[PDB]
Amino acid sequence: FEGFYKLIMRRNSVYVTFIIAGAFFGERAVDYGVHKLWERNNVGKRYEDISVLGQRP
Amino acid sequence: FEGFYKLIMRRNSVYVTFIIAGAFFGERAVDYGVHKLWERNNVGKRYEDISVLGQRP
Amino acid sequence: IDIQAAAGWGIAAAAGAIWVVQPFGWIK
Amino acid sequence: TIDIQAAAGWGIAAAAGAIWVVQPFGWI
Amino acid sequence: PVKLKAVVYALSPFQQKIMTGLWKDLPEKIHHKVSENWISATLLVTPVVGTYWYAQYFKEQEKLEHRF
Amino acid sequence: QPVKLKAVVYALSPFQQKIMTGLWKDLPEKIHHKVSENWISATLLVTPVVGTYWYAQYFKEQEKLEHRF
Amino acid sequence: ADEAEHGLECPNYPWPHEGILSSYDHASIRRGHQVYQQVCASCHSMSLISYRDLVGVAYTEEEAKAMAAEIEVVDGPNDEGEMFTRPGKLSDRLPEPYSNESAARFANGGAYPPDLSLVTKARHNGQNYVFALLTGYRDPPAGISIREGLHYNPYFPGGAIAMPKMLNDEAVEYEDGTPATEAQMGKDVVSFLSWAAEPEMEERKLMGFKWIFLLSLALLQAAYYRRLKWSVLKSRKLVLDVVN
Amino acid sequence: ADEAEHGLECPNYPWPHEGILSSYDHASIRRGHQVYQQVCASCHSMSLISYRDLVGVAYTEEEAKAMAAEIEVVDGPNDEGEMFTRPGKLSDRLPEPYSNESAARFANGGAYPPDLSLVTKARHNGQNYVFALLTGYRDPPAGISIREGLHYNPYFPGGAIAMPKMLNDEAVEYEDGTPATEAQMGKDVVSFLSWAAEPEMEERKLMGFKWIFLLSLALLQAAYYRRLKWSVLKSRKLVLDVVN
Ligand SMILES: CCCCCCCCCCCCCCCCCC(=O)O[C@@H](COC(=O)CCCCCCCCCCCCCCC)COP(=O)(O)OCC[N+](C)(C)C
Ligand SMILES: CCCCCCCCCCCCCCCCCC(=O)O[C@@H](COC(=O)CCCCCCCCCCCCCCC)COP(=O)(O)OC[C@H](O)CO
Ligand code: HEM
Ligand code: HEM
């Protein structure tokens, strides 16, 4: 808690590390949520929802 | 050269026209002389000196 | 302020390298 | 009354330069 | 360099609210925008909309008059 | 920063002087000066190159002769 | 006069892939590809598409492999300098029905059936237009005669098309069992053509949602930053002697 | 091994086009072209040369037109969609002996006769090399054996070439009655090849002579100009207080 909260505000290197970590985690979390809602909005329309997927003849 | 100076060099417009004329005429004269030397040095080797020119069956 | 800063800026550079290039699978 | 003479001289110069770059002897 | 005489009092950015002013005096803001700008707006919208509607009317009349 | 100078310079107009004859004036002294001042420099430049080239050709010739039946 | 020249407007249909968060219907893509193979490919080429493009979209790797191996592709030269044929691979493009444009025109009354790789992107209102033209062969208005060899279609500009009607009931057999009605086949083939013209649509849409949400957050932050920096200037009290 | 790997070096021959004011011998170009089309062309392509290139160099326009008309060029497709044949024209490239590189290798024991359009520029000391190779077929040195299908030529790197000796005496007949010995045809065909590799040579040399002469005059003027502008500085007398 207070250790990181005192390092981030007092040393720019720690703040820069915090920015990089936040970018990484936030971009992954939005990629994940945006794909979850995309999957929910398109039920049955996926390539792997094809019933005959695997029998061409 | 002071007589030629009083006709060509008194005004820069005349001088500039004289330079344009010298470029034109001198380049033509040099071209003619170079072509004369080329012809004198390559007697008998020209396309127009092919004995059978026009005579391919 | 010289060694601590060097360590902090090295940590930031390493984190930025892990963030730009994401070789999750090269931990072998 | 010298600006007019300067204009005439430079017009002659411009004409000479035109005939010299493009050399339109086969068109005239 | 212009010779200036003035007294300027300023407050620190960290001692004031940053965003609430967007939504303060909102009726005044709308009223000023409408009352100062309605002529300019008219002079911009009227020719475009009028020309468009007249062109549509011309096309409809021309289409009808070529039928049988 | 500007420099503070005290000097007197006299100059002659370019149209009052000969322009080109000074190129071929005391030519042997010029050659003397270039050779006398520059012979060590010229030696250090040329000798390694020519020596290495000559040694390489000598090596190639002897090697070619050694492989000949 | 000009009414026939432009052609009748195509209506708007609720395609499953319209919408900022809508994917293709992949079963419909596979059905439309079957429709292409058994009807369209006789005279239309799709030269921008290859068998490997179908993998992970409508078929497995093995299915597309066998499908490619069922065609013959010109290869060579061999070591003797002579061309030869071989079964197709995944990387091979869809086969062309004609050697060249002139041979296509000669076999179709002088009209050239255009390549369908980008047809939906190559016409205004492309998906709807193709669906309406495919399902829009009907008798011409009174007083309109269509010259021999052409067929009337109000959606087609001019009204007289050189393509005959070939979407008919039971024209295809569907492996999934859905009735191969005219409207079903037209919808499925337009879905396949939409995918073929715009194969990057789903990734692109998934990127637009994520990045507009993120950039809107950034816009909020930037507004706060500008206002915070400018507050010291906007709230300042200025005292001068002048009045008017 | 040691010396055979690089080959025997070619001599220096006094070519008529050598010299800063020396042109090609155009009658020799015409003779070399007949040697080419009568001996070389059955195995070597000249894909960079068109029939129009010969006009004004070795043939009249009607001569080259009839030459091109003698050959059969593929063309099309026609309105029905088939490839056909037509007489050659001035704009056609010289014909290819083989359909592709694999066919050439199959016809020449696995070796590919290279295109001769730039061969004099594509080998070190090119003109001399080609002449020496063509006239340099002879018996191998004692203790050296050549496998079947190859011929000894000390000029060729390695000494074993897939080309058989082709410049045999009177292998061509000359329109001007020039006796067609092996050396004569070698010189003529090298003249033709050298023209083919550098057809701009005569214009280039004329330009070079003219502009180098003019630029030398300009250099003299530039030296005078510089020294005129600098004389006021170089002849100046400078008086200063300092001694040591
Ligand atoms: C129709 C009228 C003529 C049109 C042409 C006008 C331009 C002619 C070009 C100049 C020709 C004369 C060149 C100088 C002749 C004098 C030679 C000479 O003695 O050398 C000069 C220096 O002159 C030079 O350096 C030579 C510069 C010549 C520049 C090259 C001329 C270019 C010719 C252009 C012709 C047109 C063809 C090109 C067209 C593109 C010596 O100078 P100083 O050392 O100062 O005096 C020595 C003292 N004493 C007199 C006693 C010897
Ligand atoms: C110091 C003056 C200002 C700077 C100019 C520098 C001049 C000093 C020399 C610099 C080195 C020149 C380039 C060195 C290698 C060139 C030699 C070479 O590589 O061989 C070529 C041959 O090199 C040359 O031919 C030299 C040409 C020099 C140009 C001489 C022509 C002068 C024309 C104008 C007369 C100028 C008189 C001025 C009077 C005021 C190719 O020979 P080829 O057998 O393949 O072809 C035959 C044909 O002749 C060549 O095209
Ligand atoms: C269901 C399968 C087919 C589809 C989806 C299809 C699609 C299309 C489309 C979109 C056009 C272009 C219309 C335009 O210009 O805007 C077209 C034109 C054409 N199609 Fe097809 N087609 C199919 C089958 C066929 C078949 C089987 C033939 C030949 C027998 C054919 C022959 C043509 C011809 C000749 C044209 C040119 C028509 C003209 O310019 O008048 N098509 N087709
Ligand atoms: C006067 C007629 C010909 C000329 C001037 C000519 C010219 C040349 C030249 C310049 C090369 C390149 C040698 C090298 O790579 O250094 C070459 C190689 C070759 N030529 Fe020709 N050629 C002629 C006729 C022929 C004929 C009639 C044949 C076949 C019957 C032939 C077959 C080949 C082959 C196979 C090679 C490559 C040999 C190898 O790389 O081992 N040539 N020729």
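Just so we're on the same page: letters track the sequence lines, and every chain starts at 1.
In this structure, A/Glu27 and A/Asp31 have side chains that are in contact, with non-hydrogen atoms separated by less than 4.5 Å.
The aromatic rings of A/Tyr15 and A/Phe18 lie tilted to each other, with the angle between the two planes from 30° to 60°.
A/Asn42 places a side-chain N or O within 3.5 Å of a backbone atom of A/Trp38 that can act as its donor or acceptor partner.
Between atom CD of residue A/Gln55 and atom CG of residue A/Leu53 there is a gap of 10.0 Å, rounded to the nearest 0.5 Å. With rounding to the nearest 0.5 Å, the separation of CD1 in A/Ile20 from CD1 in C/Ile11 is 11.5 Å.
Chain A is approached within less than 4.5 Å, heavy atom to heavy atom, by C/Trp19, C/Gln22, C/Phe24 from residues 17-28 of chain C, ordered by number.
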Task: A/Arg11 and C/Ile1: CA distance, side-chain angles, deciding distance, side-chain contact (heavy atoms from CB on, under 4.5 Å) verdict - done: CA-CA 10 Å; A/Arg11 286 290 172 271; C/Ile1 201 93; 3.3 Å; yes
